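Protein chains in written order, with the numbering used here: chain A, 1 to 256; chain B, 1001 to 1252; chain C, 2001 to 2252; chain D, 3001 to 3256.
The block underneath contains the structure these notes are about, expressed in structure tokens.
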Amino acid sequence: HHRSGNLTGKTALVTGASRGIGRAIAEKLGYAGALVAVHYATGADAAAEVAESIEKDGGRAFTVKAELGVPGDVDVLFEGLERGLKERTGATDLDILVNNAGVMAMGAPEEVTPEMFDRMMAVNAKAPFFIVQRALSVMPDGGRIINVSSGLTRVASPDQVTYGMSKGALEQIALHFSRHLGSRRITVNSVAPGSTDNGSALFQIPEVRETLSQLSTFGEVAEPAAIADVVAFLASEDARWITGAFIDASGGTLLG
Amino acid sequence: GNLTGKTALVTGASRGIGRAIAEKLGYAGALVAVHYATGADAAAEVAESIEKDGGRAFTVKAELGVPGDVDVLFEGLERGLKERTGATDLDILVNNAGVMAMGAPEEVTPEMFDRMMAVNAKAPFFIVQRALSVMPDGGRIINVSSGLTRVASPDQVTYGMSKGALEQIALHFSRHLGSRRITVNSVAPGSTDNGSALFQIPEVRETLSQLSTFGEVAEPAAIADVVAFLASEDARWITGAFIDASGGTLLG
Amino acid sequence: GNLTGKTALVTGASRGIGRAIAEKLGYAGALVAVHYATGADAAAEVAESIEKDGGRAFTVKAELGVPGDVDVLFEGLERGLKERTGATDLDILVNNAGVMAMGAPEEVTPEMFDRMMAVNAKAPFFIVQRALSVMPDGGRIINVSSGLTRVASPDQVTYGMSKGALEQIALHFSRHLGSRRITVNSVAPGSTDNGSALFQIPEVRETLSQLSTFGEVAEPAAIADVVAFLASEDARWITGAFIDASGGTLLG
Amino acid sequence: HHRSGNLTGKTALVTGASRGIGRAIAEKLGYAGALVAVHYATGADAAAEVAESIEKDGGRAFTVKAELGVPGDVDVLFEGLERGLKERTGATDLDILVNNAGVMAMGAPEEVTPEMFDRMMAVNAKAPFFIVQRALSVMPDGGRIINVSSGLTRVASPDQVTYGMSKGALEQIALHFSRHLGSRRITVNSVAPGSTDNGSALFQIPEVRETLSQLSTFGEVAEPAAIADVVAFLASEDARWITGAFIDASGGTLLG
Ligand SMILES: NC(=O)c1ccc[n+]([C@@H]2O[C@H](COP(=O)([O-])OP(=O)(O)OC[C@H]3O[C@@H](n4cnc5c(N)ncnc54)[C@H](OP(=O)(O)O)[C@@H]3O)[C@@H](O)[C@H]2O)c1
Ligand SMILES: NC(=O)c1ccc[n+]([C@@H]2O[C@H](COP(=O)([O-])OP(=O)(O)OC[C@H]3O[C@@H](n4cnc5c(N)ncnc54)[C@H](OP(=O)(O)O)[C@@H]3O)[C@@H](O)[C@H]2O)c1
Ligand SMILES: NC(=O)c1ccc[n+]([C@@H]2O[C@H](COP(=O)([O-])OP(=O)(O)OC[C@H]3O[C@@H](n4cnc5c(N)ncnc54)[C@H](OP(=O)(O)O)[C@@H]3O)[C@@H](O)[C@H]2O)c1
Ligand SMILES: NC(=O)c1ccc[n+]([C@@H]2O[C@H](COP(=O)([O-])OP(=O)(O)OC[C@H]3O[C@@H](n4cnc5c(N)ncnc54)[C@H](OP(=O)(O)O)[C@@H]3O)[C@@H](O)[C@H]2O)c1
Ligand SMILES: Cc1cc(O)c2c(c1)CC(=O)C1=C2C(=O)c2cccc(O)c2C1=O
Ligand SMILES: Cc1cc(O)c2c(c1)CC(=O)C1=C2C(=O)c2cccc(O)c2C1=O
Ligand SMILES: Cc1cc(O)c2c(c1)CC(=O)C1=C2C(=O)c2cccc(O)c2C1=O
Ligand SMILES: Cc1cc(O)c2c(c1)CC(=O)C1=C2C(=O)c2cccc(O)c2C1=O
């Protein structure tokens, strides 16, 4: 059985869609009718469960494996993407791109090594750029690019400086590419979540779930669905006049 | 629609962007109060248009920027909402009504400045203040700003000032209203065809079209679609935010 | 000093930050007009203090936010400048005078709102407008804002709104005045000891000290030093800018 | 003969101080009395001429060679810096750090290679981070860190996206380090020049000196001295209440 919505007929790639925010994004886009390529690095069982969840709810989805931040990453990602799309649609067209996959590594600024710096930049900033560069060859007019940033680009947090740097680089993609792609009517935007419960063990550290909840003006951490809802909107026809924007989905974390 | 059971006030809803907002909120299930100053026939067209497509709407007259304005507005609003729903509850507030008066800054009189500030900043503040007594948890406040708070134009400086004051409402009330889960946000359209004869003059249309990265002026619906999303459950985690709905006008 | 041969108006110069600004501009060589509302004895102390250290200064009385305010100000200013220099040329304008009135937003009256807007936004706009007729090329306009335009505080919302309007002056007039090489900029102090008895209450001082990343409230001189730089030749390539002089208050 | 000013007794490092903006920064800081370490990669003759110019005007300066963006770069930079400082002052203390050195490589977004990306990031963002990390061990309280960004982080320019990304990363240093260093009273700020005539050949392309001049509200490109004057201010006692700030020295380029 197939369910129809505002994205029926469209195709989407959500990077790191096996858990947390990316999972909720994929589910929401699939629910809306988009054929969703559910990307992962090593969590294939989690990805399959997301893809199945979409398919069971009457949507369409498949999984693609790609380790990002290593040589040949984009090549591997697009080989699997295009194959799955061509198989299911008879074409390689990609309408919606969500750059969600990312890494974090807390620590004192004095302990950051060049290797740690390289990894952060490689996964959070370089890969999103080259994924965008590659998607342009297969993205039709009226397409969508959404990059998942962080409110940590607007709040000083010494233990997260490397991560903030990476996301501040990522935010520059929306600015410069929105102008580049204007005549093709492809919108490029950044969405900045605040603290969001991704399920991970480090959110179940009892000295962490506190203070994080105090960041938001609402006094809670976000559910991933709250962020997914914003991304789904940006991917839609209703967000056609928004491009090159920084979209604050932090639940009032950026209030100073 | 996702706004079934909700109520909404859209100020300046008789024409232009406010009309599109009211029409889009009605379609989604909200009982819309269509506000106007002197466009009585126009407001009634919008209210009828909402009812026609299966929704519920009514009109409320209030000239803003003069003493007792908010009193008049909320007298008409609460009376109409109670007659229709049995409560004075206001879920959604859109501060859309506004004036513009372009001209050299050397020529701005104090009275022009008072008028600009009275309608674009003061009234929205006192409208928000009065709405707090009737707005349930999970409510929505949306203030229509302008890209001109980020793009320098000497001819529009007092307009800019008024909208910069308006934008402060979202910042400060978001913190105030956090524990009631009422979101407060600013929306900034770019150049938008409001139906006025101005946007039909080919040479004015061409200059304005060039401001957006798309090479077009916006249709009102494009702005309404953004406001409709902010009013919804889907934007529960967006508060105190500046939302750029300018179609790439603010790219420098 | 680097301001020798220059003239300067500092509004609200009888006390606090404006006093420090006037004292620092005088020391650098500017003929300073020390403006006040009712602090006549205080203004005279500042003017004397400038002359004592080898500079030139005088006082100008004007209650702002009431009709004819700018007329009174510029009558006194241009008369005093002409008597002292032989011209009415005004090189440096600092819009520093301001009021604050903290309190719950539910309790803001329209008259409180008018007062706030009249003194903090309207007067600075009409002061800039009148200054344009007497300001030579290479001139300077500096508007004292506040970190509260970037930090949400319900108790300060109308203050915030007024300062958000003020900040629009720099954006739009910078473009207007580009070909005259007159720079227009906003400066935002953080919590600053203005000499008032408020900053002596230990528990108020402690709370305010915590806002800065330095754990201290600012001395007025720290703000004046920033304004002094903007007024100088060294800041010729800074226009239309928001200058954060808050000591790390705006770090989120 | 020695000239005295507001920075007498202080020491400064200006990266890429052999030409353009860095040269003007060094001259201005030296003129103010700071002992200036004039850094360069391959332009040793230009650096010596800057260091001599400062010394002739009654200041103190020496040159340090270091290629940034390659392994061991920071090690090499600090070996030469500390040696020169210890020789001249008897201590390794560094009061003022200016991260000025940087690269640019225009081009269509579709032509950017990973190697081009790596180089941009390595020189403009990574090296500034590790230079800051290393300077902290030798920077006394009341110190200064100034990073030279660009107005290109606020103006969309498709041909410069990689460069914008690098500078957007660089701007995150000021935000996170200002909070980290608050109790040590070290200020960390970003300064964003607009178009500035650095002398380079690419500024003498006649199809380039046009349009660039139109960026500023003043209708000219900046002289390097105009930017240096802003940096000198930030390095001074008068800028003690400014930290974590983005300082717009673009001559009204950011007006939209
Ligand atoms: N959580 C927050 O509070 C929060 C706040 C603001 C912003 N964000 C951002 O939101 C995005 C997702 O956050 P999250 O908390 O949901 O993350 P998450 O739970 O840790 O999951 C990260 C996702 O990225 C994938 N991934 C990680 N490294 C990868 C790599 N090298 N190559 C390919 N895929 C990789 C993971 O795949 P596998 O299953 O194979 O490991 C997973 O699907 C990130 O960009 C994060 O920066 C999160
Ligand atoms: N159009 C654009 O390009 C554009 C761009 C950016 C932002 N905006 C902003 O978006 C909002 C609407 O713009 P627009 O072009 O659609 O409006 P436009 O047609 O003037 O429509 C104005 C609406 O506001 C009402 N109004 C005006 N003054 C009023 C007053 N003093 N008291 C009560 N109502 C008053 C008018 O009522 P009546 O019909 O009774 O006179 C009308 O409904 C404004 O805030 C404007 O600043 C517009
Ligand atoms: N202090 C802070 O923590 C702080 C922080 C951020 C921003 N600011 C801003 O910096 C500026 C000065 O602050 P402050 O604390 O130093 O001032 P504070 O002592 O009140 O001093 C006010 C000054 O402005 C004058 N003034 C007030 N109302 C006036 C009016 N209606 N017409 C003409 N003059 C009037 C006063 O004149 P008289 O002596 O004649 O009454 C006095 O000279 C203000 O714009 C304020 O918003 C202050
Ligand atoms: N020019 C503009 O309009 C403009 C506008 C905004 C921002 N900026 C920024 O201002 C800063 C300086 O600009 P500029 O135009 O003066 O640059 P410039 O004339 O090209 O000189 C660059 C300086 O950086 C050094 N350098 C380059 N690569 C290096 C490396 N890999 N390792 C160590 N040093 C290296 C050069 O040393 P050598 O002499 O040995 O080659 C030189 O001293 C840059 O960060 C640039 O991004 C410039
Ligand atoms: C273990 C851990 C440490 C953190 O420092 C954060 C988180 C986890 C969640 C997260 O990624 C974030 C923050 C965060 O403060 C923080 C502070 C201010 C804004 C914001 O978005 C964040 C944020 O997203
Ligand atoms: C007659 C007239 C003059 C204007 O100056 C505008 C308009 C009409 C339409 C309008 O309201 C706007 C602009 C506008 O430039 C302009 C410039 C930059 C941003 C922006 O939103 C606008 C804008 O919304
Ligand atoms: C009684 C009183 C209440 C205040 O709320 C402030 C002050 C006094 C001093 C003051 O003017 C300021 C603040 C302030 O928080 C505050 C919060 C965040 C930024 C900021 O600049 C300020 C600020 O300048
Ligand atoms: C060859 C060349 C191309 C450029 O694109 C720029 C420059 C040289 C000088 C430069 O680095 C800059 C810009 C620039 O537009 C530009 C546009 C808007 C702001 C800004 O700072 C710049 C800018 O600094």
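A virtual CB, placed ideally from N, CA and C, is assigned to each residue, including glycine.
Item, Value
"Taking beta-carbon pairs under 8 Å, can you tell me which members of the stretch 2151-2167 of chain C lie near chain A?", "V2151, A2152"
"For chain A, find out if any of its Cβ atoms is closer than 8 Å to the Cβ of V1226(B); answer yes or no.", "yes"
"Answer with buried or exposed for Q1168(B), where buried requires no fewer than 16 other C-beta atoms within 10 angstroms of its C-beta.", "buried"
"Using 10 angstroms around the beta-carbon of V231(A), count the other beta-carbons present and answer buried if the total reaches 16, otherwise exposed.", "buried"
"Since residue 2277(C) is in the alpha helix (DSSP H), which residue starts that stretch and which ends it?", "Residue 2277(C) lies beyond the residue range present for chain C, which begins at 2001 and ends at 2252; the question has no answer from this structure."
"Would you decide whether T211(A) is buried or exposed? Buried here means 16 or more other CB atoms lie within 10 Å of its CB.", "exposed"
"Helix, strand or coil for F1214(B), going by three-state DSSP, please let me know.", "coil"
"Please compile the residues from chain C whose C-beta is within a distance smaller than 7 Å of the C-beta of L254(A).", "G2252"
"State yes or no: is the C-beta of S1209(B) within less than 8 Å of the C-beta of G252(A)?", "no"
"May I ask you to verify whether the stretch 1049-1058 of chain B touches the stretch 1016-1032 of chain B, counting CB pairs closer than 8 Å and requiring at least 3?", "yes"
"Please check the pair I3025(D) and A3228(D), which I expect to be a contact at CB under 8 Å, by giving their CB distance rounded to whole angstroms.", "5 Å"
"Given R1056(B), which residues of its chain have a CB within under 6 Å of its CB, disregarding the five upstream and five downstream residues?", "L1031"
"Between which two residues does the beta strand (DSSP E) carrying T3187(D) extend?", "3187-3193"
"Any residues in the stretch 2124-2141 of chain C with a beta carbon nearer than 8 Å to a beta carbon of chain D? Which ones, in chain order?", "none"
"Taking only runs that begin and end inside the stretch 3-59 of chain A, name each unbroken beta strand (DSSP E) of 3 or more residues, in chain order.", "11-14, 35-40"
"Using a Cβ-Cβ cut-off of 8 Å, state whether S150(A) counts as contacting chain B.", "no"
"Whole-angstrom Cβ separation of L2230(C) and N2185(C), contact assumed at under 8 Å?", "6 Å"
"Is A3245(D) buried or exposed, if buried means 16 or more other CB atoms sit within 10 Å of its CB?", "buried"
"Taking DSSP's pairing of strands, which residues face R3144(D) in a bridge?", "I3096(D), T3187(D)"
"Whole angstroms are fine: how far does the CA of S183(A) sit from the CA of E1216(B)?", "10 Å"
"Output needed in chain order: residues of the stretch 208-220 of chain A with a Cβ under 9 Å from some Cβ in chain B.", "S216, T217, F218, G219"
"Which one of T1158(B), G1195(B), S1191(B), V1204(B) has the shortest CA to CA distance from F1214(B)?", "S1191(B)"
"Comparing C-alpha positions only, which one of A201(A), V148(A), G142(A), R88(A) sits nearest to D95(A)?", "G142(A)"
"Express the C-alpha separation of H2176(C) and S1153(B) in angstroms, rounding to a whole number.", "8 Å"
"Between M3121(D) and chain A, is there a C-beta pair that is closer than 8 Å?", "yes"
"Just the Cα atoms here: how many angstroms apart are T2011(C) and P1105(B)?", "21 Å"
"Report the rounded CA-to-CA distance for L3170(D) versus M3121(D), giving the unit in angstroms.", "9 Å"
"Measuring alpha carbon to alpha carbon, tell me which of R1150(B), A1170(B), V1128(B) ends up nearest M1161(B).", "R1150(B)"
"Starting from the N-terminal side, write out each stretch of the beta strand (DSSP E) that is 3 residues or longer and does not extend beyond the stretch 3217-3256 of chain D.", "3246-3249"
"Out of curiosity, what's the CA-to-CA distance linking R83(A) and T92(A)?", "8 Å"
"Output the distance between the C-alpha atoms of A1245(B) and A3174(D), rounded to the nearest integer angstrom.", "30 Å"
"For residue 2976(D) and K3126(D), I'd like the C-alpha separation in whole angstroms.", "Residue 2976(D) is absent from the structure shown; chain D starts at 3001 and stops at 3256."
"Check each residue of the stretch 2042-2059 of chain C: if its Cβ is closer than 9 Å to any Cβ of chain D, include it; give the result in chain order.", "none"
"Going by the DSSP bridge assignment, what does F2058(C) pair with across the sheet?", "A2033(C)"
"In three-state DSSP terms, what is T3162(D)?", "helix"
"Quick one: what does DSSP say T211(A) is sitting in, helix, strand or coil?", "helix"
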